Amino acid sequence: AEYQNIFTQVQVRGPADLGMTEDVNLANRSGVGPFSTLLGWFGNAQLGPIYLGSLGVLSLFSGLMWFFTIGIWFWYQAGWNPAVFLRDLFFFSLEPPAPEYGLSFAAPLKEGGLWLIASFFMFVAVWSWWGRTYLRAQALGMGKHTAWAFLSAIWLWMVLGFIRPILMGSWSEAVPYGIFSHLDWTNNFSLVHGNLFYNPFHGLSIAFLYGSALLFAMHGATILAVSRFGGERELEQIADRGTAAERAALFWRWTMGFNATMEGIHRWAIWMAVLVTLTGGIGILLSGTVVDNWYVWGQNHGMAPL
Amino acid sequence: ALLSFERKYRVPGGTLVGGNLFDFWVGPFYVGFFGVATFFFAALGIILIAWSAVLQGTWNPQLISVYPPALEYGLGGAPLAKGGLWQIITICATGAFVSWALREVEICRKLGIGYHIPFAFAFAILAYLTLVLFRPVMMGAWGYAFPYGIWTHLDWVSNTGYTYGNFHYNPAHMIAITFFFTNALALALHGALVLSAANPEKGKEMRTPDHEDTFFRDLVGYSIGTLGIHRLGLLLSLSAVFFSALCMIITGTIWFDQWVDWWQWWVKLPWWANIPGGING
Amino acid sequence: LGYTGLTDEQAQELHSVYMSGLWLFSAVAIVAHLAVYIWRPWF
Amino acid sequence: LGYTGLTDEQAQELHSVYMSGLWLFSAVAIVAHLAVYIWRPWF
Amino acid sequence: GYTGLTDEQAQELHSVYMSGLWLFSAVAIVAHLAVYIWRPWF
Amino acid sequence: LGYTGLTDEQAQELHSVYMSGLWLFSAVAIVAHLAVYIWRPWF
Amino acid sequence: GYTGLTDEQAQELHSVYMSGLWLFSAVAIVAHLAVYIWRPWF
Amino acid sequence: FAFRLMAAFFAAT
Amino acid sequence: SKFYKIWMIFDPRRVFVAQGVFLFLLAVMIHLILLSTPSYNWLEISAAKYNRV
Amino acid sequence: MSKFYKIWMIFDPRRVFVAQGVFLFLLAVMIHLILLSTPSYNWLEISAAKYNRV
Amino acid sequence: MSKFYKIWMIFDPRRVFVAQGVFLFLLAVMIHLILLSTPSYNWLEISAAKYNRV
Amino acid sequence: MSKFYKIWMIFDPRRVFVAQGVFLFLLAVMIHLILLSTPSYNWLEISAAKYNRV
Amino acid sequence: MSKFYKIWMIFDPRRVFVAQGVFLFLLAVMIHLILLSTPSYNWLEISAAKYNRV
Amino acid sequence: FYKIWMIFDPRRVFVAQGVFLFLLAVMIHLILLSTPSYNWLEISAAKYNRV
Amino acid sequence: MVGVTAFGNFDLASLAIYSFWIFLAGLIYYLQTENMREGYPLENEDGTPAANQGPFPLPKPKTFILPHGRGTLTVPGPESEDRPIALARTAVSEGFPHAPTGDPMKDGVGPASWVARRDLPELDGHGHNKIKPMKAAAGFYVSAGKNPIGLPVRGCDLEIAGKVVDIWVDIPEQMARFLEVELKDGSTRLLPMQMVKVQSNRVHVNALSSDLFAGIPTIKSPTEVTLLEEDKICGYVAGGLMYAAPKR
Ligand code: BCL
Ligand code: BCL
Ligand SMILES: CC[C@H]1c2cc3[nH]c4c(c3C)C(=O)[C@H](C(=O)OC)c4c3nc(cc4[nH]c(cc(n2)[C@@H]1C)c(C(C)=O)c4C)[C@@H](C)[C@@H]3CCC(=O)OC/C=C(\C)CCC[C@H](C)CCC[C@H](C)CCCC(C)C
Ligand SMILES: COC(C)(C)C/C=C/C(C)=C/C=C/C(C)=C/C=C/C(C)=C/C=C/C=C(C)/C=C/C=C(\C)CC/C=C(\C)CCC=C(C)C
Ligand SMILES: COC(C)(C)C/C=C/C(C)=C/C=C/C(C)=C/C=C/C(C)=C/C=C/C=C(C)/C=C/C=C(\C)CC/C=C(\C)CCC=C(C)C
Ligand SMILES: COC(C)(C)C/C=C/C(C)=C/C=C/C(C)=C/C=C/C(C)=C/C=C/C=C(C)/C=C/C=C(\C)CC/C=C(\C)CCC=C(C)C
Ligand SMILES: COC(C)(C)C/C=C/C(C)=C/C=C/C(C)=C/C=C/C(C)=C/C=C/C=C(C)/C=C/C=C(\C)CC/C=C(\C)CCC=C(C)C
Ligand SMILES: COC(C)(C)C/C=C/C(C)=C/C=C/C(C)=C/C=C/C(C)=C/C=C\C=C(C)\C=C\C=C(/C)CC/C=C(\C)CCC=C(C)C
Ligand SMILES: CCCCCCCCCCCCO[C@@H]1O[C@H](CO)[C@@H](O[C@H]2O[C@H](CO)[C@@H](O)[C@H](O)[C@H]2O)[C@H](O)[C@H]1O
Ligand SMILES: [Fe+3]
């Protein structure tokens with residue numbers, strides 16, 4: 001019966017906001033796109049403008065090549081049949097070369113070479129996007145927290161696709177490009193290394209993924225509960241603490257016995273999120289290269305009855 | 001004992017039940033009626049877990065496990081050494097979580113803020129109840145519920161999932177995972193963006209939310225906004241947990257086969273069910 | 001015309017050396033293709 | 001009219017140079033197709 | 001009109017759109033005839 | 001009646017041209033159906 | 001008016017809607033009749 | 001949208 | 001009668017869109033059911049009559 | 001009967017045209033796919049059988 | 001018949017032109033792929049048969 | 001034929017050029033890959049079998 | 001190509017040069033990887049077989 | 001009895017009641033079709049020897 | 001395949017897990033100390049420094065530079081509630097509620113509390129007023145939902161308290177912030193959008209009764225609002241939830 005502030009009840013539109021021109025080449029920035037009332041019911045209605053620099057276009061074209069390579073392989077697997085393509089869309093897979101090729105690049109296209117091509121494209125796209133996040137932060141004079149938070153996820157991705165295959169000595173260890181295919185790869189990876197549940201770093205990574213869900217629920221709910229005091233304007237609460245920040249702090253102080261500040265809760269948030277992929281990459285790197293049976297390792301380290 | 005701004009908020013009122021009997025603070029904690037309930041439930045459960053550790057014969061915290069009763073006990077009680085301790089710890093935990101949420105409601109009322117936090121925690125409690133109460137009740141045994149051990153509820157997850165093949169193919173499981181991954185991504189982005197605005201490069205003026213919107217419009221062409229991001233985080237977490245509970249409530253009660261077979265309905269649509277080639281055909 | 005705000009003399013002095021670089025690149029590429037075809041023809 | 005903020009003279013010149021490029025591209029395409037067909041016909 | 005284009009603008013736009021469309025359809029029917037004499041589908 | 005700001009005359013001419021288009025589309029479709037039925041009737 | 005439509009507006013809109021319904025139903029009846037002539041299902 | 005939310009296409013359009 | 005009062009409460013536009021979706025779904029379902037029964041698949045029946053397969 | 005034009009007043013003509021076109025194309029694709037599905041009317045397989053192309 | 005130009009007063013020319021270009025290219029690729037998938041009209045396989053290339 | 005210049009009056013030249021480049025490169029890559037997949041036109045395999053390179 | 005100088009009137013030179021560099025680098029790597037994939041043209045493998053290496 | 005329209009909003013009740021009516025009716029029709037004693041099309045086909 | 005253990009069962013996985021425990025302890029210490037830049041040192045209920053300050057020491061000060069020459073903020077710094085809190089304790093010992101001395105909603109305590117913020121308007125990235133009335137907001141209009149201009153405003157006591165005359169908008173975020181309500185006395189008030197319930201025929205304010213819209217603090221300038229003023233208004237309206245309960 002009361003307004004929960006989940007959806008805006010009255011939308012307001014003014015002149016298009018071009019943004020802050022700190023050091024941004026206004027040539028690279030595109031024009032403001034359309035206004036989406038559907039998106040405006042939940043957040044901002046404005047689309048664009050989007051910046052397109054050197055790294056932006058490099059990453060966009062490299063990612064387009066990766067996506068197109070996978071899609072053309074999928075069309076080949078369908079026998080160029082659109083009905084088959086739609087029927088088996090989730091069952092298609094661009095697989096890495098068989099283990100007998102090792103890390104060599106001399107695998108046939110149908111048996112792993114096209115996977116290497118798509119992998120190179122993806123590698124370029126992701127690293128150019130990382131540089132792009134760093135440079136976009138730099139142009140506006142902001143800190144580089146987004147770049148390092150992205151670097152954590154990039155490290156999990158690199159361990160999965162690049163570093164662990166090299167350590168294990170074959171491209172066959174890497175992840176195929178496919179919807180159900182990479183799910184099968186995940187399940188098989190767990191089975192081969194003996195119940196990845198007993199990997200300590202898989203356990204910590206899950207602790208932090210659960211903790212990210214918990215913490216974003218807590219933080220979103222807290223900010224919505226104090227939005228009646230302008231609590232969603234967190235930067236001004238950092239600069240000039242209002243009653244929203246105090247009420248949020250006191251809620252969690254009286255509930256848990258300790259609280260955060262408007263600025264430090266975001267340190268909690270960023271670390272809780274990055275630890276997911278950081279710990280996960282460590283665990284995946286250890287799997288196979290150091291421990292090949294995590295249940296037996298568990299038994300030898302407590303964690304499981306002998 | 002108090003924060004520098006805390007005193008002007010410690011006024012009486014907002015209590016759901018009581019009003020003076022349990023309207024005070026112990027240290028930083030607000031002690032309501034539900035405060036007393038939560039403390040007793042938590043202490044009873046923890047010391048019962050310690051007692052079960054004594055019974056089991058291990059002092060390894062990782063090895064401590066409180067299994068529910070075996071399947072032949074049905075939905076009935078069991079000897080404390082066998083399955084009853086789990087049931088007492090389960091009722092204690094349920095009471096502790098519910099009273100914790102109610103204590104949060106009291107704290108919200110005293111502070112004059114919305115009730116979003118207890119609502120989200122209620123989502124979490126409902127998922128827990130699905131795992132311990134609703135699903136085992138629909139399957140007619142407390143033995144289906146997970147044990148209370150650090151590394152033995154993982155064995156419960158493993159066995160329960162592998163009962164249905166690769167559990168990845170549960171579609172509500174896929175949706176819940178998408179929400180979980182999206183939520184972690186959004187949390188990283190939100191923490192990073194706020195910290196980068198509040199901590200500019202070197203001796204630079206603190207940034208405004210206009211800079212945050214500009215950063216994300218430059219990056220991906222959209223900016224959900226300061227209010228929209230908190231709405232999105234809350235909704236992503238709650239939807240993740242909702243679809244988790246939904247995926248487990250239908251497993252073993254509405255679905256009994258391997259989950260991968262559920263996808264056959266797409267590959268067997270009559271227009272393309274019998275076209276050779278591809279993967280399934 | 002005039003989207004980037006430049007002069008036709010600048011366009012000339014730019015496009016000429018652009019074609020210079022293109023022709024250098026194409027000449028080296030043609031030499032490489034000739035050497036490969038001699039070494040191991042693909043037709 | 002003038003959604004792109006261009007003039008008929010400018011648009012005419014732009015179209016002329018674009019069509020010149022298109023015809024060169026199509027000419028090279030024709031040559032390549034003829035070479036392929038005499039190498040291997042596909043009908 | 002919704003776009004705000006006047007009568008003459010719509011006239012010119014439609015007359016050039018049809019001018020392109022007829023060329024497209026003529027090339028299409030030439031291709032169809034070539035295929036049909038090559039390998040009829042009826 | 002509203003909901004768009006249109007008028008009687010604008011809506012009427014819009015519907016008249018739309019109905020002419022529908023009649024032409026139906027004529028082409030019926031010609032196709034007749035040709036198919038002659039080629040291989042389904043009745 | 002509970003949503004803004006007048007008495008005459010509601011009457012005319014309902015008349016148009018019902019006229020369309022009756023046209024659709026007459027066409028459907030002719031279709032069922034021709035089918036029954038072809039092969040009755042009873 | 002919640003007022004018309006009591007398949008989805010009815011509220012969608 | 002007095003049925004036009006039904007337009008004084010429900011939005012005409014969403015009523016018409018819902019009616020169109022409902023009618024299309026029902027017609028598609030009825031035709032598909034007729035196809036499913038081998039004794040009413042008019043393509044199959046015509047093939048049997050004209051000795052097509 | 002001649003008063004149908006007034007529906008253009010209630011409904012947005014742009015959205016009506018777009019949605020109608022999408023429905024028409026989906027319907028036509030669906031029917032052509034029914035015809036392709038049936039061996040009795042799959043004109044590609046029909047022509048192949050007539051001219052003995054397999 | 002000769003009064004269809006008013007369609008241009010309903011929709012932005014850029015939107016209809018991009019939508020129809022996308023639709024036409026997608027339809028062309030769809031039909032070419034359907035022809036490639038049918039072995040009786042795969043012109044590459046047909047030429048391989050008619051010239052004993054396999 | 002000659003009155004098609006007006007399309008440059010209605011479309012931004014820069015975006016059209018970018019889209020054209022992307023479209024043509026994707027089409028060329030797709031066709032070259034299709035030819036590679038078909039053994040009748042895999043010029044690398046054809047040269048290998050012709051010159052006994054395997 | 002004495003009228004092709006007008007591109008720089010609509011396209012910023014930096015954008016064109018970076019796009020050219022990106023395209024050429026990606027295309028070169030793709031083609032070299034394709035060659036390495038084909039055993040008929042894997043120059044490392046060819047030299048390994050020619051000189052009795054492993 | 002007459003107060004049901006006061007506590008409950010007409011739109012929700014009307015739409016839900018109609019939706020339930022349609023789904024229950026089509027379920028009844030499906031159940032009748034499924035069993036071989038109320039599938040009218042099969043009865044007609046066997047009757048006219050068109051099966 | 002590595003897996004050699006240096007001692008006992010201590011392989012590379014054990015090294016990694018213990019290294020992570022050390023790193024996590026250090027990180028938790030860092031996060032907790034960074035979250036002590038406000039509200040510390042802890043105080044007794046009489047405002048004097050407490051004897052117990054906690055296991056975590058206070059961090060080194062850091063200074064934020066404000067973006068429009070608004071100054072510099074160093075935290076943790078001296079803390080003082082620059083307002084006369086009107087409360088009196090109900091027990092000599094600690095950990096008990098402090099009851100209001102007078103009208104809590106008027107005095108600004110408890111759920112009605114406000115913070116002595118800066119008495120300057122919030123400035124966007126261009127240095128202009130972030131929140132301004134729709135009249136002064138050029139080109140700003142309602143895009144969706146029921147436009148609440150001239151809708152009667154109903155209180156928690158279910159009686160009309162005034163009519164909305166304007167919408168105050170956050171310019172860069174392009175979202176509604178406040179409704180300006182003209183009361184029966186011809187004077188204006190601001191109401192946060194988060195505490196109004198826009199409906200088909202009226203704007204409902206569950207927080208306040210009809211005989212409380214007069215008590216809402218006003219803005220000295222009718223075309224702008226400072227952080228202090230909006231803090232006071234929002235605190236008043238929110239405290240209405242607890243302190244207008246007797247009415248409804
Ligand atoms: C049967 C399966 C096994 C299992 C096998 C594995 C394997 C194998 C792995 C995990 C991993 C994880 N497991 Mg596990 N896991 C199991 C059971 C679980 C259960 C459960 C309740 O049962 C949970 C909650 C989890 C949860 C987790 C996560 C904590 C962790 C994934 C972190 C992540 O976010 O990666 C997702 C994020 C990334 C992969 C990085 C993405 C960043 C890149 C750069 C994205 C680029 C986008 C790309 C370019 C496309 C662009 C798109 C367009 C731009 C839109 N697992 C069981 C035991 N699990 C991963 C891990 O961390 O190991 C410890 C992992 O490798
Ligand atoms: C051998 C047996 C007979 C046969 C035995 C029976 C029996 C017995 C019955 C029917 C009935 C029906 N049969 Mg029969 N029927 C047969 C096979 C068929 C076949 C077929 C494919 O062969 C078809 C198409 C039908 C068709 C029908 C329907 C016309 C009718 C059910 C109407 C209905 O449920 O409306 C339900 C939908 C609504 C009422 C509209 C409401 C839903 C809307 C869309 C949602 C609400 C929105 C709205 C705006 C809300 C505001 C207003 C509200 C309505 C309050 N039958 C065979 C041939 N049939 C039933 C009947 O006669 O009912 C009249 C019935 O009892
Ligand atoms: C719904 C979205 C996510 C969410 C939200 C959420 N959680 C919340 C909240 C919210 C909004 C709170 O306000 C509340 C809180 O106070 O947070 C600090 C909380 C909370 N979520 C917590 C944990 C938690 N949340 C989890 C999940 C989630 N929380 C969701 C993913 C998980 C997971 C996935 O594992 C955990 C572990 C607590 C820190 C806290 C609730 C504290 C509480 O209930 O206090 C009273 C109870 C005790 C002090 C302990 C009682 C102990 C029992 C008596 C005995 C043990 C029983 C138990 C079953 C044993 C388990 C054994 C093994 C399975 C390990
Ligand atoms: C899967 O399919 C495969 C890959 C097998 C086959 C497919 C192949 C395909 C699709 C190939 C496509 C090839 C294309 C489109 C090639 C196009 C190549 C072009 C246009 C290359 C242009 C090159 C230009 C170059 C290299 C210019 C270089 C210039 C310099 C090195 C110096 C330039 C500096 C200048 C001009 C200074 C100018 C600045 C001022 C201010 C005057
Ligand atoms: C699965 O199906 C398969 C793929 C097997 C078969 C399907 C095939 C299909 C559907 C093929 C579709 C092919 C199409 C539609 C091809 C169209 C190709 C076109 C339109 C190519 C046009 C190229 C135009 C070019 C190359 C023009 C270049 C012009 C320039 C570079 C001139 C530079 C412009 C300037 C200087 C303008 C500046 C002027 C001023 C005044 C500043
Ligand atoms: C397995 O067994 C099954 C399920 C198949 C058997 C069960 C069958 C069942 C349950 C069938 C249920 C059938 C029902 C409920 C059918 C209802 C059909 C209806 C409501 C049809 C109504 C159609 C209305 C039409 C065609 C009206 C068209 C009107 C126009 C085209 C005029 C347009 C004017 C408008 C929209 C507004 C006028 C306003 C102005 C200003 C002009
Ligand atoms: C499984 O079920 C199967 C498929 C077996 C059987 C089921 C069959 C079913 C459910 C069939 C349903 C069929 C229906 C509903 C067919 C309806 C077709 C209709 C209504 C087609 C209408 C077409 C109308 C057209 C193409 C109109 C075109 C109009 C123009 C091109 C005019 C352009 C507009 C202008 C010029 C605007 C004028 C503006 C001013 C200012 C005058
Ligand atoms: C009609 O459809 C068209 C054709 C138009 C477009 C359709 C496209 C489709 C259907 C795309 C489908 C895409 C899918 C299913 C993508 C799935 C991707 C997934 C699930 C990826 C999952 C994991 C990928 C990982 C972890 C990749 C890791 C890669 C790296 C870490 C870099 C790898 C780099 C390597 C191995 C070295 C490369 C370097 C050289 C020199 C080869
Ligand atoms: C929690 C953070 C603080 C950790 C302690 C601080 C020091 C950090 C480095 C510690 C590294 C050594 O840590 C120590 O390694 C030895 C290696 O066998 C472990 O192993 C020892 O105990 C286990 C369990 O009873 C036996 O199975 C094993 O045979 C025995 O050697 C110890 O259980 C562990 O305590
Ligand atoms: Fe936040």
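We use all heavy atoms of the structure for the numbers below, so side chains are in, but hydrogens, waters and symmetry mates are not. Below, read A as the first sequence line, B as the second, and so on, with proteins coming before strands; counting in each chain starts at 1.
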Which atoms of B:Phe121 come close to chain A, meaning under 4.5 Å heavy atom to heavy atom: side chain ones, backbone ones, both, or neither?
-> neither

Toward chain A, the part of B:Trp100 with a non-hydrogen atom under 4.5 Å = side chain

Interchain contact, A:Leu39 with chain B, by part (heavy-atom threshold 4.5 Å) | both

Which answer fits A:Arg228, side chain, backbone, both or neither, if we ask what part of it has an atom under 4.5 Å from a heavy atom of chain B?
-> side chain

Under 4.5 Å heavy-atom distance to chain B, tell me which part of A:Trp80 shows up: side chain, backbone, both or neither.
-> neither

A:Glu232/B:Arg231 ion pair, N-O < 4.0 Å = no

B:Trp259 ring center within less than 6.0 Å of B:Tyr169 ring center | no

Among the listed options B:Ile150, B:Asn60, B:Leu193, B:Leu232, the residue most often paired with chain A at heavy-atom distances under 4.5 Å = B:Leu232

For residues A:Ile206 and A:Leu209, determine if any side-chain heavy atom of one lies less than 4.5 Å from a side-chain heavy atom of the other.
-> no

Answer with side chain, backbone, both or neither: which region of A:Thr8 has an atom nearer than 4.5 Å to a non-hydrogen atom of chain B?
-> both

Qualifying salt bridge (charged side-chain N to carboxylate O under 4.0 Å, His left out) pairs with a residue from residues 218-229 of chain B, counting only residues at least two apart or across chains = A:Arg29-B:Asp218

Show me, pair by pair, the donor-acceptor contacts under 3.5 angstrom made by side chains of residues 184-192 of chain B, not counting sequence neighbours?
from	atom 1	to	atom 2	distance (Å)
B:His190	NE2	A:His219	NE2	3.3
B:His190	NE2	A:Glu234	OE1	3.4
B:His190	NE2	A:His266	NE2	3.1
B:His190	NE2	B:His230	NE2	3.0

